[PDB]
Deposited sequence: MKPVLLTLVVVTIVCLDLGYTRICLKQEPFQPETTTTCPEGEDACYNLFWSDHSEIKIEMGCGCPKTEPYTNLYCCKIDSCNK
């Protein structure tokens, strides 16, 4: 999996299948944060899906 990044494209580590876009603050990257506070959260499992 590859994901857009802002905290560029980055390749996630093996096993991290999702990408995410979090708004509270703007973050983009690998994974899908489960514990992190957000206002809008978007996770998707396609390459570069998290704009």
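Coordinate coverage of the deposited sequence is interrupted at 1-21, 29-33, 51-56, where no C-alpha atom was modelled.
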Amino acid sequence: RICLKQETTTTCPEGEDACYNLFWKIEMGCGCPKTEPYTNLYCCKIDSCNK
From here on, numbers count along this sequence of modelled residues.
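Between 9-17 and 39-47, the higher mean Cα B-factor belongs to 9-17.
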